[PDB]
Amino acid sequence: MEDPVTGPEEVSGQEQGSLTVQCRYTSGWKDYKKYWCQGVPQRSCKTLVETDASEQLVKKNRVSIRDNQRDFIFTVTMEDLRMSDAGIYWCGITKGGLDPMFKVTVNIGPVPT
């Protein structure tokens, strides 16, 4: 579609597991830095990882991001999940002014015990 960035409405993972999020963007944003942001208010969110506008994998703490500039999707991976990882997150594209952003709600469930 024509929205600058879109993701899944929600994604779910299990404590000690991993989850992946596909953030799809329109072709014109190829050479922009892409990021994964956490919390609210939306435009004060905490950046967890951000690319350098290349396809090189970036990792900070337990979060990875890899931009596929052929299919125009950047994939976020969250590993070694904790219950406190649950909450509101954002796919984003960095630009001067208001970024394109898309809200993803992250659900975490515990190890069955």
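Numbering starts at 1 and runs along the sequence shown.
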query: CA B-factor ranking of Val49, expressed as a third of its chain; finding: middle
query: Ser18, C-alpha B-factor rank within chain (lowest, middle or highest third); finding: middle
query: For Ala86, the third of its chain into which the C-alpha B factor falls; finding: lowest
query: Third of the chain's Cα B-factor distribution that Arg43 belongs to, per the entry; finding: middle
query: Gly97 by Cα B-factor - lowest, middle or highest third of the modelled chain; finding: highest
